[PDB]
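S.K.: Following this message is one structure expressed as structure tokens.
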Amino acid sequence: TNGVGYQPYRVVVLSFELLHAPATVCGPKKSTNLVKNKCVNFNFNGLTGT
Amino acid sequence: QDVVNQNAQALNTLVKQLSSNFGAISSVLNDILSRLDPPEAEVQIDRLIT
């Protein structure tokens, strides 16, 4: 009967820290074969770089 | 030996500077680019650039 501002809200929060170690919690990015001796992009567990 | 050591020290300071946040939420461009979008990254990018 009250207003929406007075109705209860099912609330959550997603806390997560960053950049310490290869984690085990991240997205469905599909791996691929490795290749060497060609300067190429990469992304290892989150660590990017070229 | 003096001048060589001095240049070494200067360059070392210069390069080490890179790993400092200067009040930005990171110290890696590509990082912020990954975890942030222009309308909110631009400010951190500005901080770092300055």
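All residue names refer to the structure tokens as shown: chains lettered A, B, ... in order, residues numbered from 1 in each chain, ligands numbered from 1 in order.
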At a cut-off of 12 Å, list the chain B residues touching chain A, using only C-alpha atoms, as a list in words.
M.R.: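 That gives residues 25, 26, 27, 28, 29, 30, 31, 32, 33, 34 and 35 of chain B for chain B.
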S.K.: Write a file of the selected residues as a short mmCIF file (atom, residue, chain, number, x, y, z; two decimals), in the first residue's frame, keeping N, CA, C and O atoms.
M.R.:
data_model
loop_
_atom_site.label_atom_id
_atom_site.label_comp_id
_atom_site.auth_asym_id
_atom_site.auth_seq_id
_atom_site.Cartn_x
_atom_site.Cartn_y
_atom_site.Cartn_z
N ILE B 25 43.23 5.87 -10.58
CA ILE B 25 42.87 4.60 -9.97
C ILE B 25 43.77 3.47 -10.43
O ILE B 25 43.56 2.33 -10.02
N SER B 26 44.76 3.75 -11.27
CA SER B 26 45.67 2.71 -11.72
C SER B 26 46.99 3.35 -12.12
O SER B 26 47.21 4.54 -11.92
N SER B 27 47.86 2.52 -12.69
CA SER B 27 49.12 2.97 -13.26
C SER B 27 49.40 2.31 -14.60
O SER B 27 50.55 2.19 -15.02
N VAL B 28 48.35 1.85 -15.28
CA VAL B 28 48.47 1.20 -16.57
C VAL B 28 47.35 1.72 -17.45
O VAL B 28 46.17 1.57 -17.11
N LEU B 29 47.71 2.33 -18.58
CA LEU B 29 46.70 2.83 -19.50
C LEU B 29 45.77 1.72 -19.95
O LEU B 29 44.57 1.74 -19.67
N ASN B 30 46.33 0.71 -20.63
CA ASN B 30 45.52 -0.37 -21.19
C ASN B 30 44.59 -0.96 -20.15
O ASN B 30 43.47 -1.38 -20.47
N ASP B 31 45.02 -0.99 -18.89
CA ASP B 31 44.15 -1.43 -17.81
C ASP B 31 42.88 -0.59 -17.78
O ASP B 31 41.77 -1.11 -17.96
N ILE B 32 43.03 0.71 -17.55
CA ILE B 32 41.87 1.60 -17.46
C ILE B 32 41.03 1.50 -18.72
O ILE B 32 39.80 1.50 -18.66
N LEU B 33 41.69 1.42 -19.87
CA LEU B 33 40.96 1.25 -21.12
C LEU B 33 40.09 0.00 -21.08
O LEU B 33 38.95 0.01 -21.54
N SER B 34 40.62 -1.08 -20.51
CA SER B 34 39.86 -2.31 -20.42
C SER B 34 38.68 -2.17 -19.46
O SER B 34 37.54 -2.46 -19.83
N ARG B 35 38.94 -1.72 -18.24
CA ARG B 35 37.91 -1.72 -17.21
C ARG B 35 37.12 -0.42 -17.17
O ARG B 35 36.32 -0.22 -16.25
#
S.K.: Got a sec: who's within 12 Å of residue A:30, counting only C-alpha atoms, leaving out chain neighbours fewer than 4 positions off, as a list in words?
M.R.: residues 26, 43, 44 and 45 of chain A
S.K.: So which residues of chain B fall under alpha helix (DSSP H) by DSSP, listed as a PyMOL selection string?
M.R.: chain B and resi 2-17+29-35+38-49
S.K.: Could the residues in this selection be saved with N, CA, C and O atoms as a tab-separated table (two decimals), in the first residue's frame?
M.R.:
chain	number	residue	atom	x	y	z
B	2	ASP	N	81.31	10.18	-11.91
B	2	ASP	CA	80.23	11.04	-11.44
B	2	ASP	C	79.13	11.21	-12.47
B	2	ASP	O	77.96	10.93	-12.19
B	3	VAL	N	79.49	11.69	-13.66
B	3	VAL	CA	78.48	12.05	-14.65
B	3	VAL	C	77.71	10.82	-15.09
B	3	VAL	O	76.49	10.86	-15.29
B	4	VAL	N	78.41	9.69	-15.26
B	4	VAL	CA	77.73	8.47	-15.65
B	4	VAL	C	76.71	8.08	-14.60
B	4	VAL	O	75.56	7.75	-14.90
B	5	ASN	N	77.13	8.12	-13.33
B	5	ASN	CA	76.21	7.78	-12.26
B	5	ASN	C	75.03	8.73	-12.23
B	5	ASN	O	73.89	8.33	-11.98
B	6	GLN	N	75.28	10.01	-12.50
B	6	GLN	CA	74.21	10.99	-12.45
B	6	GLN	C	73.17	10.72	-13.52
B	6	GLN	O	71.96	10.74	-13.25
B	7	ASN	N	73.62	10.46	-14.74
B	7	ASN	CA	72.69	10.14	-15.81
B	7	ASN	C	71.92	8.87	-15.50
B	7	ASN	O	70.71	8.77	-15.74
B	8	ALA	N	72.63	7.86	-14.98
B	8	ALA	CA	71.96	6.64	-14.58
B	8	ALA	C	70.84	6.94	-13.60
B	8	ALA	O	69.71	6.46	-13.75
B	9	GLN	N	71.14	7.76	-12.59
B	9	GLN	CA	70.15	8.07	-11.57
B	9	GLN	C	68.96	8.80	-12.16
B	9	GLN	O	67.80	8.48	-11.86
B	10	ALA	N	69.23	9.79	-13.00
B	10	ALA	CA	68.16	10.55	-13.62
B	10	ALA	C	67.24	9.63	-14.40
B	10	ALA	O	66.02	9.66	-14.24
B	11	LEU	N	67.82	8.79	-15.26
B	11	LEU	CA	67.01	7.90	-16.07
B	11	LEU	C	66.22	6.93	-15.21
B	11	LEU	O	65.07	6.61	-15.51
B	12	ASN	N	66.84	6.43	-14.14
B	12	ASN	CA	66.13	5.49	-13.28
B	12	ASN	C	64.93	6.15	-12.64
B	12	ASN	O	63.84	5.57	-12.60
B	13	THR	N	65.11	7.36	-12.12
B	13	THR	CA	63.97	8.10	-11.59
B	13	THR	C	62.89	8.26	-12.65
B	13	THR	O	61.71	8.00	-12.40
B	14	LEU	N	63.30	8.69	-13.84
B	14	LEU	CA	62.35	8.93	-14.91
B	14	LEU	C	61.51	7.69	-15.17
B	14	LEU	O	60.28	7.75	-15.18
B	15	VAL	N	62.17	6.56	-15.38
B	15	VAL	CA	61.41	5.37	-15.72
B	15	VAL	C	60.57	4.91	-14.55
B	15	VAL	O	59.39	4.56	-14.72
B	16	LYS	N	61.12	4.92	-13.33
B	16	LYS	CA	60.35	4.48	-12.18
B	16	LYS	C	59.08	5.28	-12.02
B	16	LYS	O	58.06	4.75	-11.57
B	17	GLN	N	59.13	6.56	-12.39
B	17	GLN	CA	57.94	7.40	-12.30
B	17	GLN	C	56.72	6.72	-12.88
B	17	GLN	O	55.62	6.85	-12.33
B	29	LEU	N	47.71	2.33	-18.58
B	29	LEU	CA	46.70	2.83	-19.50
B	29	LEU	C	45.77	1.72	-19.95
B	29	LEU	O	44.57	1.74	-19.67
B	30	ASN	N	46.33	0.71	-20.63
B	30	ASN	CA	45.52	-0.37	-21.19
B	30	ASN	C	44.59	-0.96	-20.15
B	30	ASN	O	43.47	-1.38	-20.47
B	31	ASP	N	45.02	-0.99	-18.89
B	31	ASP	CA	44.15	-1.43	-17.81
B	31	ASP	C	42.88	-0.59	-17.78
B	31	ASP	O	41.77	-1.11	-17.96
B	32	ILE	N	43.03	0.71	-17.55
B	32	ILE	CA	41.87	1.60	-17.46
B	32	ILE	C	41.03	1.50	-18.72
B	32	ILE	O	39.80	1.50	-18.66
B	33	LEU	N	41.69	1.42	-19.87
B	33	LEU	CA	40.96	1.25	-21.12
B	33	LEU	C	40.09	0.00	-21.08
B	33	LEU	O	38.95	0.01	-21.54
B	34	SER	N	40.62	-1.08	-20.51
B	34	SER	CA	39.86	-2.31	-20.42
B	34	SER	C	38.68	-2.17	-19.46
B	34	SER	O	37.54	-2.46	-19.83
B	35	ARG	N	38.94	-1.72	-18.24
B	35	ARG	CA	37.91	-1.72	-17.21
B	35	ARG	C	37.12	-0.42	-17.17
B	35	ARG	O	36.32	-0.22	-16.25
B	38	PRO	N	35.06	5.60	-22.23
B	38	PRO	CA	35.55	6.98	-22.39
B	38	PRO	C	34.98	7.96	-21.38
B	38	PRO	O	35.75	8.58	-20.64
B	39	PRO	N	33.65	8.11	-21.29
B	39	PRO	CA	33.10	9.23	-20.50
B	39	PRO	C	33.52	9.23	-19.05
B	39	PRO	O	33.26	10.21	-18.35
B	40	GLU	N	34.15	8.17	-18.58
B	40	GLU	CA	34.66	8.11	-17.22
B	40	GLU	C	36.14	7.83	-17.16
B	40	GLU	O	36.78	8.13	-16.15
B	41	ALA	N	36.71	7.25	-18.21
B	41	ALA	CA	38.15	7.03	-18.24
B	41	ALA	C	38.90	8.33	-18.48
B	41	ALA	O	39.96	8.55	-17.89
B	42	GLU	N	38.34	9.20	-19.33
B	42	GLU	CA	39.08	10.37	-19.79
B	42	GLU	C	39.70	11.13	-18.63
B	42	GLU	O	40.80	11.67	-18.77
B	43	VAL	N	39.05	11.14	-17.47
B	43	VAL	CA	39.57	11.91	-16.35
B	43	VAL	C	40.82	11.25	-15.79
B	43	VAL	O	41.82	11.92	-15.50
B	44	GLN	N	40.80	9.93	-15.62
B	44	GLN	CA	41.99	9.23	-15.15
B	44	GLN	C	43.12	9.36	-16.16
B	44	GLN	O	44.28	9.56	-15.79
B	45	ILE	N	42.78	9.24	-17.44
B	45	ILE	CA	43.79	9.43	-18.48
B	45	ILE	C	44.41	10.81	-18.37
B	45	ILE	O	45.63	10.96	-18.48
B	46	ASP	N	43.59	11.82	-18.13
B	46	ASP	CA	44.09	13.18	-17.99
B	46	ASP	C	45.05	13.28	-16.81
B	46	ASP	O	46.13	13.87	-16.92
B	47	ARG	N	44.63	12.78	-15.65
B	47	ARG	CA	45.49	12.78	-14.48
B	47	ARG	C	46.86	12.20	-14.81
B	47	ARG	O	47.91	12.82	-14.59
B	48	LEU	N	46.85	10.98	-15.36
B	48	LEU	CA	48.09	10.30	-15.67
B	48	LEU	C	48.94	11.11	-16.64
B	48	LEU	O	50.16	11.21	-16.48
B	49	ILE	N	48.30	11.69	-17.66
B	49	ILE	CA	49.05	12.42	-18.67
B	49	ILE	C	49.73	13.62	-18.05
B	49	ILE	O	50.91	13.88	-18.27
S.K.: Could you check how far atom CA of residue A:50 sits from atom CA of residue A:23, in Å to one decimal?
M.R.: 20.9 Å
S.K.: Can you work out the spacing between atom CA of residue B:18 and atom CA of residue B:50 in Å, to one decimal?
M.R.: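 Distance reported for this atom pair: 12.1 Å.
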